[PDB]
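The chain that follows stands alone, in the form deposited without N-(2-methoxyphenyl)acetamide (ZGK), written as structure tokens.
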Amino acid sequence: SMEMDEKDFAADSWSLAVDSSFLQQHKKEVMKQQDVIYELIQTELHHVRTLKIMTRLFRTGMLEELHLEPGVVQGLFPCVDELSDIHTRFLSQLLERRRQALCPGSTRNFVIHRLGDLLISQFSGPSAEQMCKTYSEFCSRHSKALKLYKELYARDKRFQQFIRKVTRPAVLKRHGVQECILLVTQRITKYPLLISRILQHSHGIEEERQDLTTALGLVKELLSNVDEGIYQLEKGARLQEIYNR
């Protein structure tokens, strides 16, 4: 992550991120709504950061330092460039909504009143089709990636030294290769939990309550489609094992 965004999302909540004299100007219901929107953006910033660890630290480091056989790095990190493009674009829209809402003279005081429209746009049309295709592929290649990683770590000394070297810093404690893969798979099922809680505190403007209700429905339709499109790939699986599913 870049320092500007890390500092803007360093606090545990929106109520602790804004100036106390700005917080005091708002009703409790607005504070509860903004705390959950802040959690959605903060966790999206961390999710994009997980994808940058996968592309820049692991994937590119293996290509630039190791002698792995062709197609090994793609098997360890399936769809990572596509996932990074989807989420970096979504994060850019969330951060621009926050930035446009800042008070003049402030880099931290803002209220986002219209999140629903942004979520409907993300979870409909081509961007939703791309999310569905990419997660159906990623989640079907998840078990294969974990097994490929375990095999390389157990048999290749240079691969083992590379992993231990780049995961040694304390800031990587939660972000080893297998942990990143599971963090990405679990991201999509966090959205309904966050959207439902934002909706619980967005009844003040009927247009907003309706837009978040529509967005929650689109997210659930996407998850149902992804879940129906998963069949775990296994290295060396025979056709007979597949057609006898």
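Start at 1 with the first residue shown and count on from there.
Heads up, the form solved in complex with N-(2-methoxyphenyl)acetamide (ZGK) isn't pictured, but that's what we're talking about next.
A heavy atom within 4.5 Å of N-(2-methoxyphenyl)acetamide (ZGK) in the deposited complex is found for one listed residue only; from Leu95, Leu172, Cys103, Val72, this is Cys103. Within this chain, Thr167 is remote from the site of N-(2-methoxyphenyl)acetamide (ZGK) in the deposited complex, having no heavy atom within 4.5 Å. The shortest heavy atom separation between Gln161 and N-(2-methoxyphenyl)acetamide (ZGK) in the deposited complex exceeds 4.5 Å.
Residues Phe22, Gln25 are the members of 22 to 49 with a non-hydrogen atom no more than 4.5 angstroms from N-(2-methoxyphenyl)acetamide (ZGK) in the deposited complex.
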